[PDB]
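Let me begin by presenting the structure, written as structure tokens, before commenting on it.
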Amino acid sequence: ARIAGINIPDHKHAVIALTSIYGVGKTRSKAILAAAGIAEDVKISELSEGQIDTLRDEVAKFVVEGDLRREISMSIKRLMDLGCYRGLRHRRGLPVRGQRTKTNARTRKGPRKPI
Amino acid sequence: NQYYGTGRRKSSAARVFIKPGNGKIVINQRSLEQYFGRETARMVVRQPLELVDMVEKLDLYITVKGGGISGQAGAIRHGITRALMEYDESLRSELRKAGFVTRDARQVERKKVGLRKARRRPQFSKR
Amino acid sequence: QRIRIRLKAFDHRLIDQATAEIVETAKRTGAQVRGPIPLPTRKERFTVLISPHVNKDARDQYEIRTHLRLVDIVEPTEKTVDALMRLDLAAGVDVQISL
Amino acid sequence: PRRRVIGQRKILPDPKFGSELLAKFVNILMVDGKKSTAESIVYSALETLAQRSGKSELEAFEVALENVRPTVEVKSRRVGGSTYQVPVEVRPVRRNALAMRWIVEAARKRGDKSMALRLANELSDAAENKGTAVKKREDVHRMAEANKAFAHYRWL
Amino acid sequence: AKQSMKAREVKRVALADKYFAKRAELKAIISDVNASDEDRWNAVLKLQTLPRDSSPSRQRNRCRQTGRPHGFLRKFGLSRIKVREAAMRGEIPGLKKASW
Amino acid sequence: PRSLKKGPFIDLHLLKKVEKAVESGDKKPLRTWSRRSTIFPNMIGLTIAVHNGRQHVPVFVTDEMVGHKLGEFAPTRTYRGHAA
RNA sequence: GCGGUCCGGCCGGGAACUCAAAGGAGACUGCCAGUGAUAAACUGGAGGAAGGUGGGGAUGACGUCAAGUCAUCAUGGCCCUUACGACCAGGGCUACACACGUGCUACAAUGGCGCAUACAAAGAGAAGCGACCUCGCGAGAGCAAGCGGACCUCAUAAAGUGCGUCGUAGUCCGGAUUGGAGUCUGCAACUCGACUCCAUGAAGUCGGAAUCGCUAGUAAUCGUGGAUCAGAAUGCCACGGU
Ligand SMILES: [Mg+2]
Ligand SMILES: [Mg+2]
Ligand SMILES: [Mg+2]
Ligand SMILES: [Mg+2]
Ligand SMILES: [Mg+2]
Ligand SMILES: [Mg+2]
Ligand SMILES: [Mg+2]
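Protein chains in written order, with the entry's author numbering: chain m, 2 to 116; chain i, 4 to 130; chain j, 4 to 102; chain g, 2 to 157; chain n, 2 to 101; chain s, 2 to 85.
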């Protein structure tokens, strides 16, 4: 049941199960299914190891899971140690792309801390 | 040769023509079943064809422009009604009592300054 | 060479006076004509805040209506075109003769 | 309401069967200005009952209506400073109105495969009178029995 | 408004008039065209070199009769309230109070 | 961001002063008001006294900062906190 | 309707019609009946497209609040007039332990997702709207037709309907936030613009006391346009669909 990704995708449909994998959204899931050549409209037969083998050596060309996570941490921390304004917002837990901070910034800041 | 009718429900106009026939109706060079997707939208057109017995003897060319789905259907209904008015003018006591000759003058209201939806006033706090 | 006269004016009374004074000049030079047609009058609505400092519900709506008329001349003549140039008309209507 | 009294509003009758009640039922079922889908589900619900019960589904919906139509109400009032739930007899134009409204939300809490299916089961189970509609109507009856103590309070 | 503000605006529109037809449009097109190379870089330097008041975006249309920056209308070239009062006196043709 | 066809951005006075300083060697901080200019690799290893509104803050040019703008490393606001 | 029909109002052709706008007629408790105090009115009816002010708009009496505006403007008095005037570059009006008000998007199955398929009204447009064709997943780029407009362009509408999957799961929900890469305006998008593609997927499973709008095409909901505008709407002003 485990796909080449670290997580184990469910076995309910094909596109939906692919969209359960980290690093691939709906559009990237469509790309990988087009690369493999598998569609849901085929007959019920030959649903076996005959397709996930191709899945393993195709997904390797993408950046997913730890590699993508390692890249994202490096990007924010490259921003961090640089002493940048964009990193300074990252340090202070404030909106980083220029959203207002006077109100309506709750999701990046966290819950409303009282006085 | 062809009896004429006009219909307008909300913002649409209907062009309705009568000839003798075998009870077939064409709408905008298209069958009514193909054109009006909604079942209620479909059979409101043929509603006056029951109390009037001429359903099986009239081929009916119609062209309707403007408005929306329910509006065009109501316009279609009013146009057939008037087209019948210049034919028999003797079924009034039944047709008026149903309510088909009546032109629906009800209409969408203009937006107002200081209103959001032309009647809805913005929600305010007393304080 | 059939020409097409376009007339614009703010006031509806003025366009009718204009389209009724051009036609008999056409008869004065003696050429058959065609009836003017009402092209859809255009209405422009400006909504302006009336208070000097502060309000929002107090606002007045001002509309400019421009009426547009078309004339078609079937068989022109040099005398007919001379009459169009020579004839005097109201300052509220502009001329857009087209060959 | 305060100066000029007016009567009821006339609603175009049901086109497929000629009833006024079916049109009103589907209208009150209509939500967010969507009558197109409302017409589709009401026709589907009645035809499922047509194949289940007798062919004339008119009577089946009628009986599922009568066993839940309420003849007594509960009205909150304050005369001398105390909450009075006065019971009053309701005129039939409001009787049938309140009955079908409750059925509407009864179906929503059923939670079946689809909205059409749950309405069909709700209208069928009301015909056998085992329905949650009858449950609600027995619920209003017990509180109505309870309100007979309030029945002789102020503004009877 | 202020005589200083009005004097500022007249100078701004004059320089834009002076420069819009001589360099501005051609520098914009030669930066957009993909046929040229690195002549666009040279062009960007000279574009910045100009007095920089020549941009029509540097202009703010104001009520010419009063200089009010806000509540301007393009068709009449006046402030909102100045249009209203002049309309009441009847100075704008074909203009009245709408109703529909 | 300025479109790739248009290239990056740089100011004439800044560009002329950067190349003179580079040619004459990194000697002194470069005084500037043009925060809108973009950090270009020609000024690597230099200290730029970028203006924030009241005081020209020095910044050192490093490889990882290239592409970001000159005025980016000059926070114009001083907010310690809403506490004491 | 006539014929022709590059079989598409496209061509002669017709002005009957939809429509465009110009004038005119009609809706007045006009007639009947009942109630009423034989009055006025109210109720019902007949006809009638519309019946009781037909539905909305403009129109706001005398006066109240030392209501707001000296920052549209004008103006009495007061003050500066090598400065409370004026020219510049950068910055700020966008800051954030928090509170309030007004809104937009949701928590979903009446929904989400994909395909096929049908109709609107109102407006804008000459330093402007910009087709078709080609490239680009894309916002856009290139070439460039036409349109001062009932012709040309923004321009096709969206919920709708028919199909199949989703199957009640913080989910093929929800979209914040964040990363990377980009497009367009403009001299320049760091503070501080909008939009596109890929990557992440936070709260939220309908909300306490309390509180607001709305009586008919009105609530509700779905899109569309305008002014402001180089660029910058969930605001404002308008339009139509159910
Ligand atoms: Mg609306
Ligand atoms: Mg002054
Ligand atoms: Mg500007
Ligand atoms: Mg005061
Ligand atoms: Mg004050
Ligand atoms: Mg502000
Ligand atoms: Mg704009």
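Ideal Cβ positions, reconstructed from N, Cα and C, are used throughout, including at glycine.
query                                                                                                                                          : result
For the alpha helix (DSSP H) holding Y86(m), just list the boundary residues, first then last.                                                 : 86 to 93
Taking buried to mean at least 16 other C-beta atoms within 10 Å of its own C-beta, is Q4(n) buried or exposed?                                : exposed
Residue ranges of each alpha helix (DSSP H) run of no fewer than 4 residues wholly in the region 29 to 89 of chain g, ordered along the chain? : 37 to 53, 58 to 67
Can we say the region 60 to 79 of chain i touches the region 13 to 28 of chain i, given the rule of at least three CB pairs closer than 8 Å?   : yes
Which residues, taken in chain order from the region 60 to 71 of chain j, show a beta carbon closer than 8 Å to some beta carbon of chain i?   : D60, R62, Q64
Apart from the five residues on each side of it in sequence, which residues of its chain come closer than 7 Å, Cβ to Cβ, to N43(s)?            : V19, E20, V23
Within 8 Å (strictly less), CB to CB, does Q49(n) reach chain s?                                                                               : yes
Hey, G10(i) and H81(i) are a contact pair by Cβ (cut 8 Å); roughly how many whole angstroms apart?                                             : 3 Å
Which term fits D12(s), buried or exposed, when burial requires 16 or more other beta carbons within 10 angstroms of its beta carbon?          : buried
Going by DSSP, which residues form a beta bridge with residue 1(n)?                                                                            : Residue 1(n) lies beyond the range of chain n shown here (2 to 101); nothing can be said about it.
Could you tell me which chain g residues have their CB closer than 9 Å to the CB of residue 131(i), listed as they occur along the chain?      : This structure cannot speak to residue 131(i), because chain i is shown only from 4 to 130.
For the beta strand (DSSP E) holding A12(j), just list the boundary residues, first then last.                                                 : 6 to 12
Under 7 Å: does the beta carbon of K7(n) sit that close to some heavy atom of ligand 2?                                                        : no
For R59(n), which residues in chain s fall below 9 Å Cβ to Cβ?                                                                                 : In chain order: nothing, as chain s lies at least about 15 Å away.
Give a single yes or no on whether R53(n) has its beta carbon closer than 7 Å to a heavy atom of ligand 3.                                     : no
Could you have a look at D62(i) and say whether DSSP puts it in helix, strand or coil?                                                         : strand
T9(i) lies in the alpha helix (DSSP H); which residues open and close that run?                                                                : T9(i) -> not in any alpha helix (DSSP H); beta strand (DSSP E) instead, spanning 6 to 10.
On the CB-based measure, 16 or more other CB atoms within 10 Å of its CB, does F77(n) come out buried or exposed?                              : buried
Looking at ligand 2, does it come within less than 7 Å of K3(n), judged from the CB to the closest heavy atom?                                 : yes
For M46(i), which of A76(i), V55(i), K60(i), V111(i) has the nearest alpha-carbon?                                                             : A76(i)
Based on the DSSP secondary-structure assignment, which residues constitute the bridge partners of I21(i)?                                     : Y6(i), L63(i)
Straight-line CA distance for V67(s) to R79(m)?                                                                                                : 13 Å
Report the three-state DSSP secondary structure of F77(n) (helix, strand or coil).                                                             : coil
So if I threshold CB-CB distances at 8 Å, which residues from the region 23 to 44 of chain n count as touching chain s?                        : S32, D33, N35, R41, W42
Is any heavy atom in ligand 3 found nearer than 7 Å to the beta carbon of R61(n)?                                                              : yes
Determine, using beta carbons only, whether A12(j) and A21(j) come nearer to each other than 8 Å.                                              : yes
Is the region 10 to 28 of chain g close to the region 78 to 93 of chain g, with three or more CB pairs under 8 Å?                              : no
What residues match up with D97(j) in a beta bridge as DSSP calls it?                                                                          : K11(j)
State the Cα-Cα distance for the pair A17(n) and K23(n), rounded to the nearest angstrom.                                                      : 10 Å
Are the CB atoms of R41(n) and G8(s) within a distance shorter than 8 Å?                                                                       : yes
Suppose you measure from the CA of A15(m) to the CA of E41(m); what does that come to, to the nearest Å?                                       : 7 Å
Roughly how many whole angstroms lie between the Cα atoms of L95(m) and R87(m)?                                                                : 10 Å
From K114(i) to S100(n), what distance separates their C-alpha atoms?                                                                          : 11 Å
For the region 69 to 95 of chain m, which residues have a CB atom closer than 7 Å to at least one CB atom of chain s, in sequence order?       : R79, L83, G84, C85, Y86, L89
Give the straight-line distance between the Cα atoms of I83(i) and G8(i), rounded to the nearest whole angstrom.                               : 6 Å
Is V111(i) near ligand 1 - that is, is its Cβ less than 7 Å away from at least one heavy atom of it?                                           : yes
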